[PDB]
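Chemist: Contents of input-v9.cif (mmCIF, C-alpha atoms) are below:
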data_protein
loop_
_atom_site.label_atom_id
_atom_site.label_comp_id
_atom_site.auth_asym_id
_atom_site.auth_seq_id
_atom_site.Cartn_x
_atom_site.Cartn_y
_atom_site.Cartn_z
CA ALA A 1 -90.40 -40.81 44.58
CA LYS A 2 -91.53 -40.17 41.02
CA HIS A 3 -92.30 -36.65 39.87
CA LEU A 4 -91.63 -34.68 36.71
CA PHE A 5 -90.39 -31.11 37.00
CA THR A 6 -90.31 -28.57 34.19
CA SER A 7 -88.55 -25.29 33.56
CA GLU A 8 -88.49 -22.89 30.63
CA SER A 9 -86.11 -20.25 29.33
CA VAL A 10 -86.13 -17.92 26.35
CA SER A 11 -83.63 -16.74 23.83
CA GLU A 12 -82.51 -13.17 23.83
CA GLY A 13 -84.53 -13.01 20.64
CA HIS A 14 -87.78 -13.17 22.53
CA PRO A 15 -89.60 -9.86 23.07
CA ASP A 16 -89.68 -9.73 26.86
CA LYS A 17 -85.99 -10.46 27.08
CA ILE A 18 -85.50 -7.79 24.43
CA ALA A 19 -87.21 -5.34 26.73
CA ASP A 20 -85.02 -6.27 29.64
CA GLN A 21 -81.88 -6.11 27.55
CA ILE A 22 -82.78 -2.62 26.41
CA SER A 23 -83.57 -1.38 29.89
CA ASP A 24 -80.44 -2.72 31.50
CA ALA A 25 -78.20 -1.63 28.64
CA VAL A 26 -79.52 1.85 29.25
CA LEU A 27 -78.89 1.37 32.95
CA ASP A 28 -75.39 0.13 32.25
CA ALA A 29 -74.31 3.07 30.12
CA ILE A 30 -75.86 5.53 32.56
CA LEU A 31 -74.46 4.06 35.74
CA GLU A 32 -71.13 3.94 33.94
CA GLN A 33 -71.31 7.68 33.41
CA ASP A 34 -72.26 8.15 37.08
CA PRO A 35 -72.15 5.26 39.56
CA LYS A 36 -74.09 7.29 42.12
CA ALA A 37 -77.11 7.70 39.85
CA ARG A 38 -80.58 6.31 40.44
CA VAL A 39 -82.51 4.73 37.58
CA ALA A 40 -85.85 3.00 37.16
CA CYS A 41 -86.55 2.49 33.46
CA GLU A 42 -89.11 0.22 31.81
CA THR A 43 -89.37 -0.67 28.15
CA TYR A 44 -92.48 -1.59 26.20
CA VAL A 45 -92.04 -3.41 22.91
CA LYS A 46 -94.69 -3.45 20.20
CA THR A 47 -94.83 -4.44 16.54
CA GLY A 48 -92.43 -1.71 15.56
CA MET A 49 -92.36 0.72 18.45
CA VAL A 50 -89.88 0.60 21.30
CA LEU A 51 -91.02 2.72 24.23
CA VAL A 52 -88.69 3.57 27.09
CA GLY A 53 -89.68 5.51 30.16
CA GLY A 54 -88.94 5.86 33.82
CA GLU A 55 -87.43 8.01 36.52
CA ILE A 56 -83.76 8.92 36.46
CA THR A 57 -81.81 11.18 38.76
CA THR A 58 -78.19 11.77 37.76
CA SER A 59 -75.96 14.16 35.89
CA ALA A 60 -75.36 11.74 33.03
CA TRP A 61 -75.89 12.48 29.34
CA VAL A 62 -77.13 9.47 27.40
CA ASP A 63 -79.12 8.94 24.23
CA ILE A 64 -81.94 6.49 24.74
CA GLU A 65 -82.46 5.67 21.10
CA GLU A 66 -78.76 5.18 20.43
CA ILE A 67 -78.29 2.41 22.97
CA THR A 68 -81.69 1.11 21.94
CA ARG A 69 -80.82 0.61 18.30
CA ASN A 70 -77.38 -0.69 19.10
CA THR A 71 -78.78 -3.31 21.45
CA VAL A 72 -81.39 -4.43 18.96
CA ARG A 73 -78.65 -4.69 16.36
CA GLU A 74 -76.52 -6.82 18.66
CA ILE A 75 -79.49 -9.12 19.05
CA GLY A 76 -79.85 -9.25 15.29
CA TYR A 77 -83.32 -8.00 14.42
CA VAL A 78 -82.08 -6.03 11.43
CA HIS A 79 -84.51 -6.92 8.67
CA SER A 80 -88.18 -6.68 7.82
CA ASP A 81 -88.60 -10.44 7.60
CA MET A 82 -87.37 -10.92 11.13
CA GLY A 83 -90.30 -8.64 11.90
CA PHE A 84 -88.26 -5.78 13.28
CA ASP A 85 -85.18 -3.61 12.76
CA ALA A 86 -83.44 -0.91 14.78
CA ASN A 87 -83.15 1.07 11.58
CA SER A 88 -86.91 0.81 11.20
CA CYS A 89 -88.36 0.78 14.68
CA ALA A 90 -89.25 4.11 16.23
CA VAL A 91 -87.87 4.88 19.67
CA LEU A 92 -89.88 6.71 22.30
CA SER A 93 -87.84 8.11 25.16
CA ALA A 94 -90.30 8.77 27.95
CA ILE A 95 -87.78 9.15 30.74
CA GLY A 96 -88.04 12.32 32.80
CA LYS A 97 -84.68 13.26 34.28
CA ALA B 1 -112.62 49.20 -3.54
CA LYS B 2 -115.01 48.86 -0.62
CA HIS B 3 -114.73 45.32 0.72
CA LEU B 4 -114.15 43.46 3.96
CA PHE B 5 -110.83 41.76 4.64
CA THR B 6 -110.60 39.35 7.56
CA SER B 7 -107.62 38.00 9.47
CA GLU B 8 -107.54 35.75 12.52
CA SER B 9 -105.14 35.05 15.37
CA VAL B 10 -104.75 32.56 18.18
CA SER B 11 -103.49 33.27 21.65
CA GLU B 12 -100.37 31.70 23.00
CA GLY B 13 -102.84 29.57 24.89
CA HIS B 14 -103.91 27.81 21.74
CA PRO B 15 -102.85 24.20 21.08
CA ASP B 16 -101.06 24.89 17.83
CA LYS B 17 -99.10 27.83 19.10
CA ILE B 18 -98.44 25.79 22.22
CA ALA B 19 -96.72 23.25 20.02
CA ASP B 20 -94.80 25.97 18.21
CA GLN B 21 -93.62 27.44 21.50
CA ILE B 22 -92.45 24.02 22.59
CA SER B 23 -90.57 23.45 19.38
CA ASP B 24 -88.83 26.78 19.17
CA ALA B 25 -88.07 26.83 22.88
CA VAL B 26 -86.27 23.54 22.40
CA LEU B 27 -84.58 25.08 19.40
CA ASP B 28 -83.47 28.17 21.28
CA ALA B 29 -82.09 26.04 24.09
CA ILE B 30 -80.10 23.85 21.75
CA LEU B 31 -78.92 26.69 19.53
CA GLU B 32 -77.74 28.38 22.70
CA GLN B 33 -75.73 25.29 23.53
CA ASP B 34 -74.68 24.86 19.88
CA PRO B 35 -74.98 27.80 17.48
CA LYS B 36 -74.41 25.52 14.51
CA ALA B 37 -76.67 22.54 15.19
CA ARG B 38 -79.08 21.39 12.50
CA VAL B 39 -82.56 21.05 13.95
CA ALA B 40 -85.89 19.85 12.64
CA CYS B 41 -88.14 19.11 15.61
CA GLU B 42 -91.87 18.51 15.34
CA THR B 43 -94.28 18.81 18.23
CA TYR B 44 -97.67 17.18 18.70
CA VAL B 45 -100.29 18.11 21.28
CA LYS B 46 -102.92 15.55 22.18
CA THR B 47 -105.09 15.83 25.29
CA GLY B 48 -102.69 14.75 27.98
CA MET B 49 -99.65 13.89 25.92
CA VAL B 50 -97.25 16.26 24.24
CA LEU B 51 -94.94 14.48 21.83
CA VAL B 52 -91.72 15.79 20.33
CA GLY B 53 -89.65 14.16 17.64
CA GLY B 54 -87.25 14.86 14.84
CA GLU B 55 -83.61 14.63 13.87
CA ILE B 56 -80.97 16.84 15.44
CA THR B 57 -77.39 16.89 14.24
CA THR B 58 -75.11 18.43 16.85
CA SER B 59 -73.04 17.70 19.90
CA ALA B 60 -75.44 19.44 22.27
CA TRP B 61 -77.27 17.85 25.18
CA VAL B 62 -80.71 18.94 26.32
CA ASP B 63 -83.35 17.63 28.68
CA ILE B 64 -86.28 17.88 26.28
CA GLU B 65 -89.18 17.14 28.59
CA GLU B 66 -87.68 19.61 31.04
CA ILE B 67 -87.92 22.38 28.47
CA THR B 68 -91.43 21.26 27.59
CA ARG B 69 -92.78 21.30 31.12
CA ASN B 70 -91.09 24.63 31.70
CA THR B 71 -92.66 26.15 28.61
CA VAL B 72 -96.10 24.85 29.49
CA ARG B 73 -95.86 26.10 33.06
CA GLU B 74 -94.85 29.48 31.68
CA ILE B 75 -97.98 29.47 29.57
CA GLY B 76 -99.90 28.48 32.67
CA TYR B 77 -101.72 25.20 32.02
CA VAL B 78 -101.04 24.32 35.63
CA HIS B 79 -104.10 22.32 36.59
CA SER B 80 -106.51 19.60 35.55
CA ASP B 81 -109.53 21.89 35.53
CA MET B 82 -107.45 24.14 33.31
CA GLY B 83 -107.74 21.22 30.92
CA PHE B 84 -104.02 20.53 31.04
CA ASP B 85 -101.22 20.48 33.60
CA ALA B 86 -97.49 20.48 32.97
CA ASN B 87 -96.64 18.41 36.02
CA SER B 88 -99.42 16.07 34.96
CA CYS B 89 -98.89 15.58 31.25
CA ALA B 90 -96.61 12.87 29.94
CA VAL B 91 -93.89 14.01 27.56
CA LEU B 92 -92.84 11.71 24.75
CA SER B 93 -89.48 12.47 23.20
CA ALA B 94 -88.84 10.93 19.80
CA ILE B 95 -85.93 13.12 18.70
CA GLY B 96 -82.93 11.25 17.38
CA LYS B 97 -79.44 12.69 17.28
CA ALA C 1 -89.31 -24.16 63.93
CA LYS C 2 -89.59 -20.48 64.82
CA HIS C 3 -89.38 -18.16 61.83
CA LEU C 4 -90.72 -14.84 60.60
CA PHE C 5 -92.62 -14.82 57.31
CA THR C 6 -93.64 -11.83 55.23
CA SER C 7 -96.19 -10.98 52.56
CA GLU C 8 -96.99 -7.93 50.46
CA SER C 9 -100.07 -6.44 48.84
CA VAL C 10 -101.11 -3.27 47.04
CA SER C 11 -104.39 -1.47 46.90
CA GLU C 12 -105.91 -1.06 43.48
CA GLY C 13 -104.71 2.52 43.80
CA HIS C 14 -101.23 1.33 42.99
CA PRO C 15 -100.22 2.04 39.39
CA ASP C 16 -99.23 -1.49 38.45
CA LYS C 17 -102.46 -3.03 39.64
CA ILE C 18 -104.14 -0.09 37.93
CA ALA C 19 -102.63 -1.24 34.66
CA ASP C 20 -103.84 -4.76 35.27
CA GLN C 21 -107.29 -3.42 36.06
CA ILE C 22 -107.31 -1.60 32.75
CA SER C 23 -106.35 -4.66 30.78
CA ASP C 24 -108.90 -6.91 32.42
CA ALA C 25 -111.67 -4.35 32.05
CA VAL C 26 -110.97 -4.28 28.34
CA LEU C 27 -111.07 -8.04 28.50
CA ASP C 28 -114.45 -8.20 30.18
CA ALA C 29 -115.79 -5.71 27.65
CA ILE C 30 -114.68 -7.82 24.72
CA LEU C 31 -115.79 -11.09 26.27
CA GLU C 32 -119.19 -9.58 26.94
CA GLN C 33 -119.37 -8.65 23.27
CA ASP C 34 -117.95 -12.01 22.17
CA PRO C 35 -116.90 -15.02 24.24
CA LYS C 36 -114.80 -16.92 21.73
CA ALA C 37 -112.30 -14.14 21.07
CA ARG C 38 -108.54 -14.29 21.55
CA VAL C 39 -107.14 -11.41 23.59
CA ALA C 40 -103.62 -10.52 24.66
CA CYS C 41 -103.54 -6.88 25.74
CA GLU C 42 -100.88 -5.09 27.77
CA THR C 43 -100.97 -1.64 29.32
CA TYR C 44 -98.09 0.66 30.15
CA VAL C 45 -98.82 3.50 32.56
CA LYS C 46 -96.71 6.64 32.57
CA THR C 47 -97.36 9.77 34.64
CA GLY C 48 -99.88 11.34 32.34
CA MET C 49 -100.42 8.68 29.72
CA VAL C 50 -101.71 5.12 29.63
CA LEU C 51 -100.65 3.14 26.59
CA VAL C 52 -102.75 0.12 25.70
CA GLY C 53 -101.80 -2.36 23.03
CA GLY C 54 -102.23 -6.01 22.18
CA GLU C 55 -103.14 -8.73 19.75
CA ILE C 56 -106.89 -9.23 19.49
CA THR C 57 -108.84 -11.56 17.25
CA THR C 58 -112.58 -11.10 17.45
CA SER C 59 -115.70 -9.76 15.90
CA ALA C 60 -115.86 -7.27 18.75
CA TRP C 61 -116.23 -3.50 18.56
CA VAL C 62 -114.95 -1.77 21.67
CA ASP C 63 -113.54 1.67 22.32
CA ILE C 64 -110.43 1.44 24.40
CA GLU C 65 -110.71 5.07 25.42
CA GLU C 66 -114.14 4.92 27.00
CA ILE C 67 -113.26 1.78 28.91
CA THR C 68 -109.97 3.11 30.22
CA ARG C 69 -111.46 6.38 31.35
CA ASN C 70 -114.34 4.63 33.03
CA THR C 71 -112.07 2.25 34.91
CA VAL C 72 -109.66 4.94 36.04
CA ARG C 73 -112.52 7.17 37.11
CA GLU C 74 -114.04 4.31 39.08
CA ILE C 75 -110.70 3.99 40.83
CA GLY C 76 -110.87 7.70 41.60
CA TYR C 77 -107.82 9.34 40.03
CA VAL C 78 -110.03 12.23 39.02
CA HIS C 79 -107.78 15.19 39.72
CA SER C 80 -104.43 16.73 38.92
CA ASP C 81 -103.21 17.13 42.50
CA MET C 82 -104.05 13.45 42.88
CA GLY C 83 -101.15 12.95 40.48
CA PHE C 84 -103.31 11.63 37.66
CA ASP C 85 -106.65 12.33 36.02
CA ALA C 86 -109.14 10.07 34.30
CA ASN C 87 -110.34 12.87 32.07
CA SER C 88 -107.07 14.40 30.92
CA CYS C 89 -104.94 11.27 30.70
CA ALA C 90 -103.79 10.38 27.21
CA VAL C 91 -105.28 7.17 25.84
CA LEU C 92 -103.23 5.27 23.28
CA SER C 93 -104.53 2.03 21.82
CA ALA C 94 -101.90 0.18 19.82
CA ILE C 95 -104.37 -2.63 19.32
CA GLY C 96 -104.04 -4.66 16.13
CA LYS C 97 -107.09 -6.68 15.17
#
Output the file's structure as structure tokens, nothing else.
Modeler:
Amino acid sequence: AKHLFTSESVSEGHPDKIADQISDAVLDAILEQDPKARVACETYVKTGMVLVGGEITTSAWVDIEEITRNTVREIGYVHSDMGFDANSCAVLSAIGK
Amino acid sequence: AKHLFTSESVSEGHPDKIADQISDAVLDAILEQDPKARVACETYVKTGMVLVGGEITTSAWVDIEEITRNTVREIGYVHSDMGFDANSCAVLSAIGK
Amino acid sequence: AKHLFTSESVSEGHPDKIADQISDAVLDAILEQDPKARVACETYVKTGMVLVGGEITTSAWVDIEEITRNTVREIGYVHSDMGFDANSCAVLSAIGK
């Protein structure tokens, strides 16, 4: 047989993966505080705005924006020229607990 | 000096005072948890979205949108036809500790 | 050769497909105005708010708000107790032209 098969991955630097990283980092810290919790959080990423919202039932106490900025920093978007920075980007916590 | 002096007032029902109630209800809640927090929270009221943001220095922990929906319900915007419903409206928290 | 298979669908009434509806309705609007345009719009949908944002290159002139409200209304979420209203939902266009 002769056939060509293709796949494609992204860096963490790509937006979508940024979104997922943010969401699950939130999930990680939360579930750490309480394993029993229930969390469904989605993250929109725009030019400079990071939006985070979803349904959470738990007794945990977590800052959304804190984990947000820390994650972005770990990725490395820290400067205007990169097009983004945790120090710059505004965080919108839309989660209702 | 015969002359007319005018002054106006808005009900609690009014958008602006709605925002103020939101803000200072948040502030009372936090200050209750922490007498010595430093709080500067700003509240925005669009049609279906109430936004809150600002910078709070403390160790407290408060479910913002909870306080918001509570305050609204207390005021009584409890239905669509009312033009606004607590259980309906999205709450956008932008506060950063 | 005996196996059970499964498939899954959602009415348009489902929120996700609602979001997709919104995006594509915007798309049809623009395309109607101009064919050649480049459009990449995404739509987040919270309880009371629909956020719409994307990269758009065109000579078009299109209100996001009117389109979104029309689409949602056509779907029927026209009441609070429904869980969502077309008239009182918050419309946010993050669109950059």
Chemist: Go ahead and align chain C to chain A (same sequence, so just pair every C-alpha in order, least squares) and export the moved chain as a short mmCIF file (atom, residue, chain, number, x, y, z; two decimals) with C-alpha atoms, in the coordinates of the input.
Modeler:
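Okay, selection.cif is ready:
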data_model
loop_
_atom_site.label_atom_id
_atom_site.label_comp_id
_atom_site.auth_asym_id
_atom_site.auth_seq_id
_atom_site.Cartn_x
_atom_site.Cartn_y
_atom_site.Cartn_z
CA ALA C 1 -90.75 -39.94 45.26
CA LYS C 2 -91.06 -40.16 41.48
CA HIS C 3 -92.21 -36.94 39.85
CA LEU C 4 -91.77 -34.96 36.65
CA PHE C 5 -90.47 -31.40 36.95
CA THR C 6 -90.41 -28.72 34.29
CA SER C 7 -88.54 -25.50 33.55
CA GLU C 8 -88.71 -22.83 30.87
CA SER C 9 -86.29 -20.43 29.23
CA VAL C 10 -86.20 -17.98 26.34
CA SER C 11 -83.41 -16.92 24.08
CA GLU C 12 -82.57 -13.25 24.09
CA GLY C 13 -84.39 -13.22 20.77
CA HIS C 14 -87.65 -13.30 22.65
CA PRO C 15 -89.35 -9.90 22.82
CA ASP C 16 -89.76 -9.75 26.58
CA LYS C 17 -86.14 -10.51 27.31
CA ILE C 18 -85.37 -8.07 24.51
CA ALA C 19 -87.13 -5.38 26.50
CA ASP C 20 -85.17 -6.29 29.59
CA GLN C 21 -81.97 -6.17 27.57
CA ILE C 22 -82.85 -2.68 26.44
CA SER C 23 -83.49 -1.44 29.94
CA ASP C 24 -80.31 -2.89 31.38
CA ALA C 25 -78.20 -1.59 28.51
CA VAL C 26 -79.49 1.88 29.28
CA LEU C 27 -78.62 1.14 32.86
CA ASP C 28 -75.05 0.15 32.14
CA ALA C 29 -74.66 3.26 29.99
CA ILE C 30 -75.79 5.54 32.78
CA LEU C 31 -73.82 3.74 35.46
CA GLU C 32 -70.72 3.99 33.31
CA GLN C 33 -71.32 7.72 33.08
CA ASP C 34 -72.21 7.98 36.78
CA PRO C 35 -72.29 5.29 39.47
CA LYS C 36 -74.35 7.01 42.14
CA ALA C 37 -77.43 7.61 39.99
CA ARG C 38 -80.95 6.39 40.67
CA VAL C 39 -82.55 4.60 37.72
CA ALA C 40 -85.96 3.02 37.24
CA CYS C 41 -86.58 2.54 33.52
CA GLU C 42 -89.18 0.34 31.84
CA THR C 43 -89.52 -0.59 28.19
CA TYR C 44 -92.63 -1.59 26.29
CA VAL C 45 -92.09 -3.33 22.96
CA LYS C 46 -94.75 -3.25 20.27
CA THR C 47 -94.41 -4.63 16.73
CA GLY C 48 -92.66 -1.66 15.24
CA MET C 49 -92.03 0.55 18.23
CA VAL C 50 -90.09 0.33 21.47
CA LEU C 51 -91.22 2.75 24.15
CA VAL C 52 -88.73 3.54 26.89
CA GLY C 53 -89.59 5.54 29.96
CA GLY C 54 -88.59 5.87 33.58
CA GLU C 55 -87.57 7.96 36.53
CA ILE C 56 -83.88 8.87 36.44
CA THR C 57 -81.90 11.04 38.80
CA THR C 58 -78.34 11.65 37.70
CA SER C 59 -75.84 13.97 36.18
CA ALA C 60 -75.72 11.64 33.20
CA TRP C 61 -76.14 12.49 29.53
CA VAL C 62 -77.22 9.51 27.47
CA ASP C 63 -79.16 9.15 24.25
CA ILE C 64 -81.78 6.50 24.59
CA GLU C 65 -82.06 6.14 20.84
CA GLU C 66 -78.46 5.25 20.11
CA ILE C 67 -78.38 2.74 22.92
CA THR C 68 -81.62 1.04 21.93
CA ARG C 69 -80.64 0.76 18.30
CA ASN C 70 -77.24 -0.59 19.20
CA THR C 71 -78.66 -3.23 21.51
CA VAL C 72 -81.34 -4.36 19.10
CA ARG C 73 -78.84 -4.49 16.26
CA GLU C 74 -76.49 -6.56 18.39
CA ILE C 75 -79.37 -8.95 18.92
CA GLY C 76 -79.82 -9.07 15.16
CA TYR C 77 -83.34 -7.88 14.38
CA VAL C 78 -81.94 -6.02 11.41
CA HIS C 79 -84.59 -6.66 8.79
CA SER C 80 -88.26 -6.29 8.01
CA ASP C 81 -88.94 -9.93 7.13
CA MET C 82 -87.34 -10.72 10.48
CA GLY C 83 -90.43 -9.04 11.91
CA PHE C 84 -88.54 -6.10 13.37
CA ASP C 85 -85.71 -3.75 12.45
CA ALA C 86 -83.14 -1.96 14.55
CA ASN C 87 -82.89 0.87 12.08
CA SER C 88 -86.54 1.59 11.36
CA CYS C 89 -88.02 0.90 14.78
CA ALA C 90 -89.52 3.91 16.50
CA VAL C 91 -87.66 5.01 19.63
CA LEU C 92 -89.68 6.79 22.30
CA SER C 93 -88.02 7.94 25.49
CA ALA C 94 -90.52 9.07 28.10
CA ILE C 95 -87.65 9.59 30.51
CA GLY C 96 -88.09 12.29 33.14
CA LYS C 97 -84.89 13.49 34.77
#
Chemist: Find the nearest atom pair between each residue of chain C and chain B for residues within 9 Å, count all atoms listed in the file, give distances in Å to one decimal, sort rows by chain and ascending number, and present the table as a Markdown table.
Modeler:
| residue | atom | partner | partner_atom | distance |
| --- | --- | --- | --- | --- |
| C:46 | CA | B:90 | CA | 6.8 |
| C:47 | CA | B:90 | CA | 5.7 |
| C:48 | CA | B:90 | CA | 4.3 |
| C:49 | CA | B:90 | CA | 5.7 |
| C:78 | CA | B:80 | CA | 8.9 |
| C:79 | CA | B:80 | CA | 6.2 |
| C:80 | CA | B:80 | CA | 4.9 |
| C:81 | CA | B:79 | CA | 7.9 |
| C:83 | CA | B:88 | CA | 6.6 |
| C:84 | CA | B:88 | CA | 6.5 |
| C:85 | CA | B:80 | CA | 7.3 |
| C:87 | CA | B:80 | CA | 8.5 |
| C:88 | CA | B:48 | CA | 5.3 |
| C:89 | CA | B:48 | CA | 5.0 |
| C:90 | CA | B:48 | CA | 4.6 |
| C:91 | CA | B:48 | CA | 8.3 |
Chemist: Using the selection just defined, write its residues with C-alpha atoms as a PDB file, keeping the file's coordinate frame.
Modeler:
ATOM      1  CA  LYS C  46     -96.710   6.640  32.570  1.00  0.00           C
ATOM      2  CA  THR C  47     -97.360   9.770  34.640  1.00  0.00           C
ATOM      3  CA  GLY C  48     -99.880  11.340  32.340  1.00  0.00           C
ATOM      4  CA  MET C  49    -100.420   8.680  29.720  1.00  0.00           C
ATOM      5  CA  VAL C  78    -110.030  12.230  39.020  1.00  0.00           C
ATOM      6  CA  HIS C  79    -107.780  15.190  39.720  1.00  0.00           C
ATOM      7  CA  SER C  80    -104.430  16.730  38.920  1.00  0.00           C
ATOM      8  CA  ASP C  81    -103.210  17.130  42.500  1.00  0.00           C
ATOM      9  CA  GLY C  83    -101.150  12.950  40.480  1.00  0.00           C
ATOM     10  CA  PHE C  84    -103.310  11.630  37.660  1.00  0.00           C
ATOM     11  CA  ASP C  85    -106.650  12.330  36.020  1.00  0.00           C
ATOM     12  CA  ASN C  87    -110.340  12.870  32.070  1.00  0.00           C
ATOM     13  CA  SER C  88    -107.070  14.400  30.920  1.00  0.00           C
ATOM     14  CA  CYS C  89    -104.940  11.270  30.700  1.00  0.00           C
ATOM     15  CA  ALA C  90    -103.790  10.380  27.210  1.00  0.00           C
ATOM     16  CA  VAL C  91    -105.280   7.170  25.840  1.00  0.00           C
TER      17      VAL C  91
END
Chemist: Show me, as number ranges by chain, the residues that have an atom within 12 Å of residue 31 (chain C) when counting only C-alpha atoms, minus same-chain residues fewer than 3 positions from it.
Modeler: C: 24-28, 34-39, 56-62
Chemist: Please measure the separation of CA of residue 93 (chain C) and CA of residue 76 (chain C), giving the value in Å to one decimal.
Modeler: 21.5 Å
Chemist: Extract, using only C-alpha atoms, all DNA, RNA and protein residues at most 8 Å from residue 75 (chain B), discarding same-chain residues fewer than 3 positions from it, and format them as number ranges by chain.
Modeler: B: 12-13, 71-72
Chemist: Report the distance between CA of residue 45 (chain A) and CA of residue 94 (chain B) in Å, rounded to one decimal place.
Modeler: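 According to the coordinates, CA of residue 45 (chain A) and CA of residue 94 (chain B) are separated by 15.0 Å.
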Chemist: Between CA of residue 20 (chain C) and CA of residue 95 (chain A), what distance in Å does the model show, to one decimal?
Modeler: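 So the answer is 21.7 Å.
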Chemist: On this structure, which residues satisfy the PyMOL selection byres ((chain C and resi 43) around 7), written as a list in words?
Modeler: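 Given this file, the PyMOL selection byres ((chain C and resi 43) around 7) evaluates to residues 19, 23, 41, 42, 44, 45, 50, 51, 52 and 53 of chain C.
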Chemist: Emit as lines of an AutoDock Vina configuration file the padded axis-aligned box for all listed atoms of region 18-33 of chain C, 3 Å per side, with centre and edge lengths in Å to one decimal.
Modeler:
center_x = -111.0
center_y = -5.6
center_z = 30.6
size_x = 22.7
size_y = 17.0
size_z = 20.7
